[PDB]
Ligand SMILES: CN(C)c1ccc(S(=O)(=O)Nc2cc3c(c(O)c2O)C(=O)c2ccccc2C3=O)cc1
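One chain follows as structure tokens, the form deposited without the ligand.
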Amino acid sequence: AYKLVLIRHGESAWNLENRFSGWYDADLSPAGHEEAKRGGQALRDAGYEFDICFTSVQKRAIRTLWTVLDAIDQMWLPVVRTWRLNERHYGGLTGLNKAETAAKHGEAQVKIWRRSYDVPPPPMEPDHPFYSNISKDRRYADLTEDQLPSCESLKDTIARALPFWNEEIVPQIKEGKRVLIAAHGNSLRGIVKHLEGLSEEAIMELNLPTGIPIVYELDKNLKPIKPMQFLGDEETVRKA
């Protein structure tokens, strides 16, 4: 009976989604913006109403949310932003393309990081071009030194996302509030993994499509009663 909608932001500027964008605050590209607008139009056409929204503190997820709320005429909804729904922090790899990461760290290590669930990438160090940009960003000024990551394994990302799910989102759902979450590939994995009880390998194989509303139907104990559903026109929905 409970309905929960997830949406993963689309394409970010400068191909950063293929360059471990991570905690760098890339904006949506105009194509990414268009993708969100189509996602929002699909929600409008399907008559979806929400009562509250959760997003990260990254502008690409926020803009995705804004674009959806505008399209569905629900700009008045309460919105809660949290760093705990941020993309995975990719450490020293942040901003590098594939050739560059291989050239830097070798195929051996890259392959290890690709498949690992709890081996973190190299920490982002003071020589990294995004070091002060991210580490000194005012939006993280309330994180303890311990909480502010220099890098994250997928397991770390999920571990700091889950508490927010549990303490902030779950209660809303239990009150029958219709939740919309606009976040990132890796933070949304955390939620799916908890919802379905997937294995570490299962979750690493899940590639959530972008720009597409992902619908969950949950029973009174917030266990899904069926597989996730994708909303959208035939061409978009097909690619999955």
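Residue indices: 1-based, along the sequence shown. C-alpha atoms forming the largest set that superposes within 1.5 Å between two forms make up the rigid core. Only residues modelled in both forms are compared.
Beyond the structure shown, there is the form solved in complex with the ligand, which is absent from this document and is the topic of what follows.
- Three or more atoms of the ligand lie within 2.4 Å of backbone or C-beta atoms here once its pose in the deposited complex is superimposed on the site C-alphas of this chain, so the site counts as blocked.
- Residues with any non-hydrogen atom within 4.5 angstroms of the ligand in the deposited complex fall in just one of 131-139, 106-114, 164-172, 78-86: 106-114.
- When the ligand is considered in the deposited complex, residue 72 lies well away from it, no heavy atom lying within 4.5 Å.
- In the deposited complex, at least one heavy atom of residue 93 sits within 4.5 Å of a heavy atom of the ligand.
- For the chain shown alone, residue 24 is not a contact residue for the ligand in the deposited complex, no non-hydrogen atom being within 4.5 angstroms.
- Mapping the unseen interface onto this chain, residue 216 falls outside it, with no heavy atom inside 4.5 Å of the ligand in the deposited complex.
- Relative to the superposed core, residue 229 undergoes a C-alpha shift smaller than 2 Å between the shown form and the other one.
- In summary, the C-alpha positions of residue 14 and residue 208 converge in the deposited complex, ending up at least 3 angstroms nearer each other than in this conformation.
- Three angstroms is the minimum change: in the deposited complex, the CA atoms of residue 15 and residue 212 sit closer than in this structure, by 3 Å or more.
- Regions where at least three consecutive shared residues each shift by 2 Å or more at the C-alpha between the shown form and the other one, after core superposition, reduce to one span, 14-18.
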